[PDB]
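One structure is given below, encoded as structure tokens.
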Amino acid sequence: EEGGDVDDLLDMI
């Protein structure tokens, strides 16, 4: 749940 996950969430979004 790091910034990469946020980037993945950004990728998800």
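The chains in the structure tokens are called A, B, ... from first to last as shown; in each chain the residues are counted from 1, and the ligands are counted from 1 in the order shown.
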List every residue of chain A that DSSP, applied to the backbone of this structure, assigns to alpha helix (DSSP H), and report them as a PDB file with N, CA, C and O atoms, in the first residue's frame.
```pdb
ATOM      1  N   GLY A   3       3.322   4.184  -2.445  1.00  0.00           N
ATOM      2  CA  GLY A   3       3.050   5.063  -3.578  1.00  0.00           C
ATOM      3  C   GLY A   3       2.919   4.282  -4.877  1.00  0.00           C
ATOM      4  O   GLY A   3       2.177   4.693  -5.777  1.00  0.00           O
ATOM      5  N   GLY A   4       3.631   3.159  -4.998  1.00  0.00           N
ATOM      6  CA  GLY A   4       3.471   2.306  -6.171  1.00  0.00           C
ATOM      7  C   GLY A   4       2.051   1.762  -6.258  1.00  0.00           C
ATOM      8  O   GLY A   4       1.466   1.704  -7.345  1.00  0.00           O
ATOM      9  N   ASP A   5       1.484   1.356  -5.121  1.00  0.00           N
ATOM     10  CA  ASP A   5       0.079   0.963  -5.097  1.00  0.00           C
ATOM     11  C   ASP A   5      -0.817   2.135  -5.465  1.00  0.00           C
ATOM     12  O   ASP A   5      -1.803   1.968  -6.193  1.00  0.00           O
ATOM     13  N   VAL A   6      -0.493   3.331  -4.967  1.00  0.00           N
ATOM     14  CA  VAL A   6      -1.219   4.524  -5.386  1.00  0.00           C
ATOM     15  C   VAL A   6      -1.051   4.764  -6.880  1.00  0.00           C
ATOM     16  O   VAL A   6      -2.013   5.112  -7.573  1.00  0.00           O
ATOM     17  N   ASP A   7       0.168   4.583  -7.393  1.00  0.00           N
ATOM     18  CA  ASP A   7       0.373   4.628  -8.836  1.00  0.00           C
ATOM     19  C   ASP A   7      -0.394   3.508  -9.526  1.00  0.00           C
ATOM     20  O   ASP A   7      -0.985   3.713 -10.593  1.00  0.00           O
ATOM     21  N   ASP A   8      -0.392   2.312  -8.932  1.00  0.00           N
ATOM     22  CA  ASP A   8      -1.238   1.238  -9.438  1.00  0.00           C
ATOM     23  C   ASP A   8      -2.710   1.613  -9.329  1.00  0.00           C
ATOM     24  O   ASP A   8      -3.496   1.349 -10.245  1.00  0.00           O
ATOM     25  N   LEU A   9      -3.100   2.227  -8.209  1.00  0.00           N
ATOM     26  CA  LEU A   9      -4.445   2.782  -8.109  1.00  0.00           C
ATOM     27  C   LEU A   9      -4.649   3.884  -9.138  1.00  0.00           C
ATOM     28  O   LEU A   9      -5.717   3.978  -9.755  1.00  0.00           O
ATOM     29  N   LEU A  10      -3.632   4.728  -9.337  1.00  0.00           N
ATOM     30  CA  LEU A  10      -3.681   5.690 -10.431  1.00  0.00           C
ATOM     31  C   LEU A  10      -3.771   4.976 -11.771  1.00  0.00           C
ATOM     32  O   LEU A  10      -4.521   5.397 -12.660  1.00  0.00           O
ATOM     33  N   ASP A  11      -3.008   3.894 -11.936  1.00  0.00           N
ATOM     34  CA  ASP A  11      -3.185   3.045 -13.108  1.00  0.00           C
ATOM     35  C   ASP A  11      -4.573   2.421 -13.121  1.00  0.00           C
ATOM     36  O   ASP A  11      -5.214   2.331 -14.174  1.00  0.00           O
ATOM     37  N   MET A  12      -5.054   1.980 -11.955  1.00  0.00           N
ATOM     38  CA  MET A  12      -6.413   1.455 -11.869  1.00  0.00           C
ATOM     39  C   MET A  12      -7.439   2.532 -12.191  1.00  0.00           C
ATOM     40  O   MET A  12      -8.422   2.274 -12.895  1.00  0.00           O
TER      41      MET A  12
END
```
